[PDB]
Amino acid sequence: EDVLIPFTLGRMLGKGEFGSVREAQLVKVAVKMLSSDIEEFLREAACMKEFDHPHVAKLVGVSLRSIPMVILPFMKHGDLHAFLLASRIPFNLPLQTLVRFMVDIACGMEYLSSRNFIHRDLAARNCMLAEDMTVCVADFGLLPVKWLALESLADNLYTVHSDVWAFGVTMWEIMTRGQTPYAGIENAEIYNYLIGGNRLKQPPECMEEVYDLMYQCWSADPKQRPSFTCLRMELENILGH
């Protein structure tokens, strides 16, 4: 398949548990550094290559070094979490801009779920800012306890409904401008917090109707959480008002 790529590596862009990222010249790109495991990587790489949507990060391709590598378009504006943080610690964005980020993410997630694709790691840090400042869902997954639904934590179940829960957490991050969810509560106590009936609190300035929507995303019953289509409609209406 025209997905595999035989470029040269450049400056280090960042690193983490997932591995490291560096720029490369193919066109400037971002390159993600990571038997059986290397097998399905390639398998799922092929399905991700056919994503084609304005609010989903394109896959340029994949490659092999001697570690699996993911080749991505270089997005200079970086990720949404870093941007929200950079507003706070200082630019100011109207409510309109914050709700528009949510609409953008809801469109890309609507598209992914329409293709039966479960992200599993939706969070502000995994949303990228494009040149025109639109947001694109990224990092599809070729532990993040604070974004995980009850049934993901308890039963390891990942569905569109658990993607929707993490979308709700992402809405909260947007409204708090990049604050760590459940700050001062440890990962090991998150489940206990949640089956308690406790949720992330309404941010001080947050429009009630925006909080009502994100709150819906954290229903204990996965079937009670709105769809991405319903999220996008409600967010677009809010944006129009």
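When you see a residue number, it is the position in the sequence shown, counting from 1.
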Q. Which fits the stretch between residue 89 and residue 90: none, 1 to 3, 4 to 9, or 10 or more deposited residues lacking coordinates?
A. 1 to 3
Q. Per the entry, how many residues of the deposited chain go unmodelled between residue 34 and residue 35: none, 1 to 3, 4 to 9, or 10 or more?
A. 4 to 9
Q) Got a sec? Mean C-alpha B-factor, which is higher, 14-22 or 220-228? A) 14-22
Q) Averaging C-alpha B-factors over each stretch, which comes out higher, 129-137 or 101-109? A) 129-137
Q | Maximum C-alpha temperature factor, selected from 57, 27, 175, 213 | A | 27
Q) residue 142: which third of its chain by C-alpha temperature factor? A) highest
